[PDB]
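Numbers 8 to 377, taken from our numbering, label the letters of the sequence shown in order.
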Amino acid sequence: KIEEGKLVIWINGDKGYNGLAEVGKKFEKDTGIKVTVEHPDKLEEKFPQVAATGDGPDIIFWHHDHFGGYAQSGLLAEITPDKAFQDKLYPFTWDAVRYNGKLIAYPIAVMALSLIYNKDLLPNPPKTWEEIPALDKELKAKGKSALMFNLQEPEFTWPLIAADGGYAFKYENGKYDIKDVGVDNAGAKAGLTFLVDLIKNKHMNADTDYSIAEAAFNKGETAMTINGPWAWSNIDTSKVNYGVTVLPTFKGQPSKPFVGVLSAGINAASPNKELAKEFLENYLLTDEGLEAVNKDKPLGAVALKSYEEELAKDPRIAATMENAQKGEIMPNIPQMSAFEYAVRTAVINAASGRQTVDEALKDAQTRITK
Ligand SMILES: [Zn+2]
Ligand SMILES: [Zn+2]
Ligand SMILES: [Zn+2]
Ligand SMILES: [Zn+2]
């Protein structure tokens, strides 16, 4: 079982764990409570294993959508921030950590895709998807293309498809209606048709994937790409003079990317729930706390209003949060699995001609709602 009188924290070792450990040291100095941070390989898979036998870390950091499965297994303790604390973070982030009407984790950071552009090729990036065709023809005259991004995964194609009305699962009253899927409505059809038309008109290639798109942008062959905060470092090394901004609109409406929320949950079997809450609320989710974590490894945008306003001074972070706020929270229900499979196939089939847009989405909708 977990030891009382101390805190063990788990988080992927590639994130700012050193920062969390520093906040832990500060905690130990003020309370005498030792905080040990660990980053086991595949800790996300190990948590349910050790948590089952009443073992594991007191606190676990991971993406919100995954906490859904954890909460269904009752592995997470319900957190109870007072209204004063909840007001410290952006409202939409609390929605990401709510399971069956209960709050099961503290939101930490927010990730979402943004439009990334080459400032030398396009000092002023386009605000609309509609302009992409004309922009590409202009750039092609100079041996450059307008846009290249991963068309193989729903995470990257969904922003446009959802813009005019598409959606995964209808969210209402803090609950997802698994029988109300918006994959084959008029909005989704319009979005995918535009995407497919771009391919038919040679402005994009159906085979472009993550690596192909990243190489093209980082080598200055294409003026724009679509990616997240995790791709910036690779661009920094390429020396490309890039900018990060709000995604283009479609039919005057904002692209809606899925939003991922790094969250901190408390082990249901932890005998240190009170101290765990004190650490997270009064030490980590503070400007100094998040700053320590962010300096170790960039968090992207954060859920804490006060610190996000500071980080937002970086236009890349401001763009990340803007797209996140206009986006769709990644559903934390098991049905998203079918949604991902279904939509990935639908997009590939429509982009290749194997199916029309209407047929591809109709089949995806059917499967998802089965
Ligand atoms: Zn033990
Ligand atoms: Zn590790
Ligand atoms: Zn995840
Ligand atoms: Zn992550």
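All residues carry an ideal CB built from backbone N, CA and C; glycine is no exception.
query, result
"Host alpha helix (DSSP H) of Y24 (start-end)", "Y24 to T38"
"Alpha-carbon spacing of residue 382 relative to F68, whole angstroms", "An answer regarding residue 382 cannot be provided, because it is not within the stretch 8 to 377 covered by the chain."
"heavy atom of ligand 2 below 7 Å from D303 C-beta", "no"
"Residue list, Cβ distance to ligand 2 heavy atoms smaller than 5 Å", "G20 and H46"
"Residues near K95 in its chain [Cβ-Cβ closer than 8 Å; skip 5 each side]", "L292, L311, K312 and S313"
"Residue environment, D21, which counts as buried when at least 16 other CB atoms sit within 10 Å", "exposed"
"Inter-residue spacing [alpha-carbon to alpha-carbon] between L50 and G12", "23 Å"
"Close beta carbons around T200, own chain, < 7 Å, minus the five adjacent residues each side", "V364"
"Member of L368, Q332 and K226 whose CA lies at the smallest distance from the CA of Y97", "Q332"
"Pairwise C-alpha distance: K41 and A299", "18 Å"
"Buried versus exposed, by CB contacts within 10 Å (16 or more), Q93", "exposed"
"3 or more residues per run - each beta strand (DSSP E) lying fully within the stretch 238 to 307", "249 to 252 and 265 to 273"
"Exposed unless 16 or more other CB atoms sit within 10 angstroms - verdict on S152", "buried"
"Cβ contact (3+ pairs, closer than 8 Å) linking the stretch 238 to 246 and the stretch 257 to 264", "no"
"Reference residue 383; option with closest CA among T60, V15, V57 and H73", "What is shown of the chain runs 8 to 377, which leaves residue 383 out entirely."
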